[PDB]
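There are 4 protein chains.
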Amino acid sequence: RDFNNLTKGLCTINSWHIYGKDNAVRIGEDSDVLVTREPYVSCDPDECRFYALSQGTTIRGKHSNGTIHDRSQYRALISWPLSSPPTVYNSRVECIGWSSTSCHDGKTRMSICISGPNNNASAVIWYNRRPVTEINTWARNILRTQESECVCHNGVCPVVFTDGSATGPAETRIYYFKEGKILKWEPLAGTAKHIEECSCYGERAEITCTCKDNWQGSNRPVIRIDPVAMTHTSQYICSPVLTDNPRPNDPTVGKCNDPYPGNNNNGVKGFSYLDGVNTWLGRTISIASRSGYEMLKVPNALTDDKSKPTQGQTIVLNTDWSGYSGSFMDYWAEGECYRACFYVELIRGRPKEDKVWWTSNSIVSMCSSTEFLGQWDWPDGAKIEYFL
Amino acid sequence: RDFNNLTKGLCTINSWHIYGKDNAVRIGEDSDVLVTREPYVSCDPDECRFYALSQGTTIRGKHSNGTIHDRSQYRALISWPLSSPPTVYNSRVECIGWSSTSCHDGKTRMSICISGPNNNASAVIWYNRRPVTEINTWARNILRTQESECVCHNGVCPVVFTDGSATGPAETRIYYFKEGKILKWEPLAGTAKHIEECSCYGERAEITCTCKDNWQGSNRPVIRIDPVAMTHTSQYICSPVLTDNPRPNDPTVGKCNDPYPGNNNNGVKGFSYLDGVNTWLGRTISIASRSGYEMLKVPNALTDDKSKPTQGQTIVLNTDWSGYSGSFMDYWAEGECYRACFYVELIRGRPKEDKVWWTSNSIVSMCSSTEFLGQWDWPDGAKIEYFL
Amino acid sequence: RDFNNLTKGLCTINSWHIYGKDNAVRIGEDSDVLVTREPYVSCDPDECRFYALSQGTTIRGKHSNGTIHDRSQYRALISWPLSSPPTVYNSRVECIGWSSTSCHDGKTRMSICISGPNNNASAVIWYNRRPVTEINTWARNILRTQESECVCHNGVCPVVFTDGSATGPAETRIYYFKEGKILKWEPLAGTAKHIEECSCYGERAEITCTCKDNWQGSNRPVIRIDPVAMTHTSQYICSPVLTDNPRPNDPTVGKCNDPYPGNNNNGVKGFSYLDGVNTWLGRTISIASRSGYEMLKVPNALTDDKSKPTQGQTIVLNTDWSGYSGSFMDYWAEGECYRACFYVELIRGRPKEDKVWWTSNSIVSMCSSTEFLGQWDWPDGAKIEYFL
Amino acid sequence: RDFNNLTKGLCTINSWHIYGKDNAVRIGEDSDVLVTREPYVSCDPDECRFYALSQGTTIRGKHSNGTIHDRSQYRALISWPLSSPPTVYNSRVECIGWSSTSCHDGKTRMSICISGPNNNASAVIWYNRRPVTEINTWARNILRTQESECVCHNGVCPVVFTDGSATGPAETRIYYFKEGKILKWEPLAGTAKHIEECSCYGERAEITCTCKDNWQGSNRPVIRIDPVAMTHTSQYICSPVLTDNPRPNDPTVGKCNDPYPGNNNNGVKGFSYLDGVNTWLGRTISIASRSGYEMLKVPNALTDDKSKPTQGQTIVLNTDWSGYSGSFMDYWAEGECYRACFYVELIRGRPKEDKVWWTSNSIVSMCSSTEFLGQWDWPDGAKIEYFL
Ligand SMILES: *[C@@H]1O[C@H](CO)[C@@H](O[C@@H]2O[C@H](CO)[C@@H](O[C@@H]3O[C@H](CO[C@H]4O[C@H](CO)[C@@H](O)[C@H](O)[C@@H]4O)[C@@H](O)[C@H](O[C@H]4O[C@H](CO)[C@@H](O)[C@H](O)[C@@H]4O[C@H]4O[C@H](CO)[C@@H](O)[C@H](O)[C@@H]4O[C@H]4O[C@H](CO)[C@@H](O)[C@H](O)[C@@H]4O)[C@@H]3O)[C@H](O)[C@H]2NC(C)=O)[C@H](O)[C@H]1NC(C)=O
Ligand SMILES: *[C@@H]1O[C@H](CO)[C@@H](O[C@@H]2O[C@H](CO)[C@@H](O[C@@H]3O[C@H](CO[C@H]4O[C@H](CO)[C@@H](O)[C@H](O)[C@@H]4O)[C@@H](O)[C@H](O[C@H]4O[C@H](CO)[C@@H](O)[C@H](O)[C@@H]4O[C@H]4O[C@H](CO)[C@@H](O)[C@H](O)[C@@H]4O[C@H]4O[C@H](CO)[C@@H](O)[C@H](O)[C@@H]4O)[C@@H]3O)[C@H](O)[C@H]2NC(C)=O)[C@H](O)[C@H]1NC(C)=O
Ligand SMILES: *[C@@H]1O[C@H](CO)[C@@H](O[C@@H]2O[C@H](CO)[C@@H](O[C@@H]3O[C@H](CO[C@H]4O[C@H](CO)[C@@H](O)[C@H](O)[C@@H]4O)[C@@H](O)[C@H](O[C@H]4O[C@H](CO)[C@@H](O)[C@H](O)[C@@H]4O[C@H]4O[C@H](CO)[C@@H](O)[C@H](O)[C@@H]4O[C@H]4O[C@H](CO)[C@@H](O)[C@H](O)[C@@H]4O)[C@@H]3O)[C@H](O)[C@H]2NC(C)=O)[C@H](O)[C@H]1NC(C)=O
Ligand SMILES: *[C@@H]1O[C@H](CO)[C@@H](O[C@@H]2O[C@H](CO)[C@@H](O[C@@H]3O[C@H](CO[C@H]4O[C@H](CO)[C@@H](O)[C@H](O)[C@@H]4O)[C@@H](O)[C@H](O[C@H]4O[C@H](CO)[C@@H](O)[C@H](O)[C@@H]4O[C@H]4O[C@H](CO)[C@@H](O)[C@H](O)[C@@H]4O[C@H]4O[C@H](CO)[C@@H](O)[C@H](O)[C@@H]4O)[C@@H]3O)[C@H](O)[C@H]2NC(C)=O)[C@H](O)[C@H]1NC(C)=O
Ligand SMILES: *[C@@H]1O[C@H](CO)[C@@H](O[C@@H]2O[C@H](CO)[C@@H](O)[C@H](O)[C@H]2NC(C)=O)[C@H](O)[C@H]1NC(C)=O
Ligand SMILES: *[C@@H]1O[C@H](CO)[C@@H](O[C@@H]2O[C@H](CO)[C@@H](O)[C@H](O)[C@H]2NC(C)=O)[C@H](O)[C@H]1NC(C)=O
Ligand SMILES: CC(=O)N[C@H]1[C@H]([C@H](O)[C@H](O)CO)OC(C(=O)O)=C[C@@H]1NC(=N)N
Ligand SMILES: CC(=O)N[C@H]1[C@H]([C@H](O)[C@H](O)CO)OC(C(=O)O)=C[C@@H]1NC(=N)N
Ligand SMILES: CC(=O)N[C@H]1[C@H]([C@H](O)[C@H](O)CO)OC(C(=O)O)=C[C@@H]1NC(=N)N
Ligand SMILES: CC(=O)N[C@H]1[C@H]([C@H](O)[C@H](O)CO)OC(C(=O)O)=C[C@@H]1NC(=N)N
Ligand SMILES: [Ca+2]
Ligand SMILES: [Ca+2]
Ligand SMILES: [Ca+2]
Ligand SMILES: [Ca+2]
Ligand SMILES: [Ca+2]
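Residue numbers (PDB author numbering), protein chains in the order written: chain E, 82 to 169, 69A, 170 to 333, 335 to 392, 394 to 412, 12A to 12B, 413 to 468; chain X, 82 to 169, 69A, 170 to 333, 335 to 392, 394 to 412, 12A to 12B, 413 to 468; chain Z, 82 to 169, 69A, 170 to 333, 335 to 392, 394 to 412, 12A to 12B, 413 to 468; chain L, 82 to 169, 69A, 170 to 333, 335 to 392, 394 to 412, 12A to 12B, 413 to 468.
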């Protein structure tokens, strides 16, 4: 109808309720489920759907062998109905590639897929299910993007891309798209020293992105975008409650403008909701691997370098595999505020479970409640032994 | 369009005709059918669909092992086209959880799923396919609901929940929802001593629920709700024709305000249509197990403590497995009266058929006819031996 | 929109072109295709679909064993997209039963399914996907109907039913339905001595049905219905070109008002287009079994007792299995005339191919062309050996 | 709405970006994917879909044995969602046959399928999903058509057919259809000596078709059609950069009005975009087999007999199997110009990979970019060994 405008602020997050879960790996043990990774969730005005990068093969299919690899010509961004598994028969291909983002601007959806060899990748921006714009690699080193939904405001949908090294300074750009066309792009500015895989959400005409500093930071870089002025700033979450993985143990004081040291060249896509006292951080429980998942209320995490948790909720037990996580909200829901939501990728297979030759995942997602709900843990649920 | 109003009375029930049957277990022996239990049927203004709690695995899948269990993080309320089986590819997830209810108010549908550990469960109320309200457990002991459709009147859709013991007094509540929001809730009142799994239907601005007294009663508790005044009453079906299972043999006089004794801490979800002489009771044929199913016309069953059958119809032979049963009607059909309908869950597998490691079911459903139709029996139809 | 009216006459049939073919048995050798029999085709104003009686199991499924049987509680009328196979995932159940008919009146569709034991069957008439009317068996001996589409005119859709013996006189009735309700029913009248499985089509406000005399006739009975006056007549196709199966060799003179003798208590559903010189008869090539299929132009077959073929077209080679056949037309096509169409059921499995324990079929269908097209033969295409 | 008119010229082609890829053979190793060949892509005003000739069996199905054959009664034109594989469950049959074409005129789609024995084939023209016209073979020798989309202008959709020898002069006809009806047909005229499988596109009220001279030419014949005057001309691409396969090595001067010699009675469906300096030719890399695929910018190829490449892009490595290729464009996209697109059929199985008994393919497709994008190669991706 009309372009959506971020007119509401976040609802108060007092707990998290179950939103969606597809049990993909369980079901896929005996049905035609596509092998995936890098999933997310994204809403249209009339429906919310699960998204992910397919590996172009079923889990039980012999071609599942080798899917630990990140970029092949057989991957594609696919979407499928909320809480269903990604099957050969119900998956809709949005575009071809090995890194993506997607978002609805209120009128129609924009989807972006990047494909190519490491030194010659390119992104193609689709809008209303048609290719509209293409961007060639600018640093010739794995052009890559969010791996979760972008956010739009009055037709303007900003997207964060990175091209260059994963273990040294790279060239991060913020592109402002409108109807699939480029209105403007900026180089990254601010104090964030490295950016990859931004998880974004919007509220009151501002877009907040919690990304990852793969090079040096165990605290997360944050990019705040003004989609009207089409400008932004960057910093790190000041809080001592470190949220990347792997990471060192939590200190008593964090860092606001530099990566918190202790772990280099590694990390996991993650997210946060930074809203003063209504601030919640997500993170793996393990400091060593993609294991477990919890939500911690850390009032003023973004700006308070000594902020520590005041409440929390366990999403996945430390004895269960987690993975990537990101933000999304249903901007077309009823009510006076936007309800914060997120998903956690539950990785199964390689490298942690090497008795099988594949790597895939299932999805679990939650949204906020103003109630103080009881908690449950939500594991993938599959028995690897069955696949042997 | 406009909210539906219960303006019609029931059609005269002279017999029951076949409405839907999915042969899920038969078909699922060689196709991707999800393992389920606790099914029901529910209509929208333009379509009627089968509903059930999936176990997050196919019947032939190795994860089918263990599905006798009631509550896991892998269950979800799903719906699928009338008379089709619940397949991985045609099942639509309504919400995540292990106890549910759902109903269309004329404009859109409300679905409720409860999930959690036994001492920390919570219900999330979805409306127009979005989460709107959440209710935390109040007795910290398996918050649970209907397992069949709720009914709406002018936007108000009452739902019965129980939290607390299954073998002693519990805390039953009646919530009146409108657009997924809570308008009001009452504690159970009346003479019903325990309530679980209410089967409801509406006619002439009144909602009748036939539930189950798991603690002491072999006769069924009945809750009648006024959705305008948002008030209710409770009692038991007075009739000597006992309809719970297991149960003692039928006496010559029943009980109107206390559970009829003989069997404790057990029972099965069931239903009835209480409409003076146009009264029909459903029940398993066996007094010991979920075996067989019959419909008995027991004029004035609700209020006459010596009422006995005047007509009847066999739905499932005592040599076939039955299970849960419940009411639903198509409130958007043509004509001057609402046609009473019900479904019977045909349980296969554990605990009765333990040569297989799974528990699932198929569905059979009937609706009333003003004709006096010939009867047939409708078994699940699957041969367990094939699954060995 | 508005009820359809049979305002056009038939197009001139100079040959038959390929319309649809689903290759169900071939494809079903390695995919989830339902076992069926008694198929047909029927159009809605915006789509034409394949219809059939499912057996409630896949072909490869173990429950396929025994599907040679005609009536079980596991059968249902299903429809699926033109030329696709009837799969577990794309089949839409219209109603439950073992004998059916269905037709669109221009506004919505009426579907009829009969279920029951032999001595207590009943038909339930569905309209706009809801049950509206029920009719109890009147002769207590396998109430049965067309097994192909009915035809409507200004809301009135006549249907032919038979109840009673298959090898002696029975009670045949013509019901005139409008919006699923009974307007009137007549007993069969005319000279037809036995009626079963009528194949009907309409043109210029008249409905012609070519049925089968299972008891004594090798020539086919024909019922012509006036859907306005709601009256009918009956006779046999006068032609010496006999079209039932099994049957005696063709004589040089047929019979107009009595069954042509030579074969008792047996036959196959078949059809014809009786339109003066524009007359075409379908029949199996073999006089002994459901083998082969051909179309023969027999000018004035209905009224000329010495009429013999003037043109012809082979549909299925005598070295291939055929089966039932029937008429349908797309009454919502463009143009000035209705294009005659028909389908042939290609039966595979039992009783002719007993190395497998199942019985199923695929469908081939043709429509007329005013051109004189080259002919091809259209077999089922499956290799039984593969199923062993 | 209104008939589409070719009002735009081509966008400038500076490179090719990835459009769609279904990885059919990979996925089909463990899911219900139909065996196909002769694929293409075609757009409707609201969706673009993959098309192909099914073989009426799955790849893993036993009936896949023998699918190297071209024409059987089990083939049909099917379409399915962009980038999905052609599965039993998501494939929509457009018509029955072994040679086809299809195109949307802006209001609705016309699809054409030819079926029959070699000496008695016939084409049936479907419009708005109904059969409208039939054309009988005129040379009684494999009536055949494009195997890719046709193009329409103001309701007029020209189609090229060939009937007669594959190794000598044949009877090629250009039919001008409007709403499935024949407006006019011409015999081929111009200097093209043999025509088969035309790949067409339209721009500025002109339709260009790049076909194949199976008899003598290694350069490609080109037919330019005026769909208003309903007239055409024919010649060959003058360029020395030869684009058929098999073929001799490239000379330094080509031929404008006669087949370039060196290879007889063989070839592959191919295409080109002839637009002055904005000219791009597609071809297999190997001169001996359907191996590899590249796009070469050959300014003025059509008219310059010494034109050689000025830019290029590799689509498939010479160490990977290719096959047929053709043109299509989304005539309903936004913007001021039509974006040239094409697909390459990636053939797997027989005759080149004879360890398996089947022949099938997957599809890869690209569209033009005005950017100068980095290139990647796009192979089928399946491991034949897995199928053994
Ligand atoms: C039914 O459901 C309800 C609703 O969920 C249940 O109630 C919930 O119970 C939760 C578990 O107790 C609780 O979650 C905790 O909240 C704590 C905050 O609350 C407390 O402190 C505040 C502030 O003073 C008080 O106001 C309040 O009253 C409480 O006393 C958090 O601090 C908890 O998180 C910390 O502990 C968990 C382990 O339990 C860690 O996994 C987590 O990371 C936190 O601890 C690490 O991080 C901090 C910060 O740096 C460190 O200081 C600390 O040492 C830990 O650090 C190590 O571990 C991390 C992670 O591995 C590592 O990286 C680091 O290096 C170190 O090695 C926790 O979030 C909910 O708030 C509470 N909800 C409600 C509404 O009450 C109820 O129990 C259920 N009922 C039943 C019967 O089960
Ligand atoms: C073609 O189709 C038609 C249509 O369906 C067929 O006709 C139907 O036939 C049915 C079977 O006969 C019939 O159903 C019965 O109706 C009885 C009521 O009618 C009779 O009594 C009235 C009242 O006086 C008369 O007016 C009327 O004319 C009849 O004479 C019911 O009483 C029957 O139910 C009882 O029996 C069945 C076993 O048959 C039990 O399963 C059932 O539970 C009922 O009996 C138990 O319960 C009562 C009540 O407490 C006890 O008193 C009794 O002892 C039984 O109790 C034991 O069993 C229960 C259950 O296991 C247990 O819990 C308890 O402790 C005890 O152990 C039955 O419902 C249809 O009405 C009739 N329909 C029509 C329209 O006519 C026709 O036959 C078919 N044709 C052919 C050729 O087959
Ligand atoms: C390319 O395609 C075109 C288009 O299809 C091909 O041309 C077609 O060729 C067809 C085959 O020749 C032809 O079909 C036949 O038409 C005959 C009628 O035409 C002839 O007679 C008329 C009338 O005098 C002439 O005007 C006309 O010029 C012709 O001469 C039919 O009579 C044929 O059917 C009979 O034969 C077939 C066997 O071929 C039987 O299966 C069929 O049942 C008919 O014969 C039985 O029935 C009659 C009637 O009672 C008996 O008299 C006769 O003895 C047979 O009876 C036995 O068999 C039956 C069935 O098993 C059994 O029940 C009974 O008891 C007996 O045992 C046939 O229909 C098309 O008309 C013709 N089409 C056109 C447009 O030309 C062309 O060939 C193809 N090109 C190539 C290269 O292949
Ligand atoms: C990142 O991505 C970018 C973007 O893709 C990459 O840059 C591209 O690189 C491509 C490969 O170099 C390049 O493609 C070539 O373009 C040549 C034309 O450009 C050159 O000449 C012009 C004209 O003078 C100059 O202006 C320009 O500056 C260049 O110097 C083509 O000529 C190339 O095609 C020919 O070679 C390939 C093999 O490489 C053949 O397969 C192809 O068929 C062509 O050669 C055959 O045909 C010609 C014509 O008859 C014959 O003369 C020749 O001998 C060959 O003939 C044999 O082979 C054929 C086929 O098998 C056979 O039939 C015949 O009989 C003979 O046996 C080629 O197309 C892109 O243009 C370029 N793009 C851009 C924007 O720059 C960049 O490299 C990537 N980065 C990294 C790090 O990888
Ligand atoms: C069910 O009853 C309510 C009246 O209680 C109907 O609601 C009125 O509907 C009309 C048209 O929408 C409005 O102008 C009135 O204000 C509505 N509501 C109330 C609460 O007064 C409703 O239309 C009835 N539903 C149907 C299907 O007739
Ligand atoms: C079929 O015939 C009936 C007339 O018998 C048409 O019905 C009339 O339709 C118009 C418009 O709906 C009404 O105003 C008349 O009262 C209708 N009915 C009768 C029974 O008089 C009907 O429209 C015709 N169908 C079509 C498609 O033309
Ligand atoms: C473009 C790409 O391949 N990105 C990688 C990502 C990346 O390698 C690291 O962030 C370092 O740069 O790591 C991971 C990962 O799980 O750590 C998955 C991503 N997979 C995909 N998006 N396909
Ligand atoms: C919430 C829950 O687990 N409810 C149980 C129900 C319950 O245990 C008894 O009524 C006693 O309270 O029993 C049964 C049952 O088949 O008897 C199934 C239900 N299964 C599910 N709804 N998942
Ligand atoms: C109602 C019923 O079972 N009808 C039978 C039909 C019938 O038995 C004979 O016509 C004699 O009456 O025969 C056949 C048949 O193939 O000959 C199939 C039908 N199958 C089904 N419609 N299910
Ligand atoms: C009508 C028909 O069978 N056409 C053939 C085509 C043809 O044989 C040659 O062009 C020579 O005439 O060859 C090929 C081919 O791959 O070379 C495939 C086509 N397959 C199909 N369209 N089914
Ligand atoms: Ca890091
Ligand atoms: Ca009880
Ligand atoms: Ca007969
Ligand atoms: Ca399978
Ligand atoms: Ca050639």
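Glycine included, every Cβ here is placed at the ideal spot set by N, Cα and C.
Residues that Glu286(L) bridges to, as DSSP identifies them: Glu283(L)
Does the beta-carbon distance from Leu91(L) to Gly282(L) come in below 7 Å? no
Of the choices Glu433(E), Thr450(E), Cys447(E) and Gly429(E), whose alpha-carbon is the least far from that of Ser440(E)? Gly429(E)
Compare the C-beta of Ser180(E) with all C-beta atoms of chain L and state if any pair is closer than 7 Å. no
Extent of the continuous alpha helix (DSSP H) to which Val308(Z) belongs: From DSSP, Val308(Z) is part of no alpha helix (DSSP H); its letter is neither H nor E.
Closer than 7 Å at the beta carbon, the chain L residues around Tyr69A(E): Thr168, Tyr69A and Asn170
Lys264(Z): buried (16+ other C-beta within 10 angstroms of its C-beta) or exposed? exposed
So the beta strand (DSSP E) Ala157(Z) belongs to, where does it begin and stop? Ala157 to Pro162
Pull up the distance between the alpha-carbon of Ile366(X) and that of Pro331(X), whole angstroms please. 16 Å
Collapsed DSSP secondary structure at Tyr466(Z) in the structure displayed: helix
Decide yes or no for the touch test of the region 107–114 of chain X against the region 455–465 of chain E: beta carbon pairs closer than 8 Å, at least 3 of them. no
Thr117(E) to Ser449(X), Cα distance in whole Å? 50 Å
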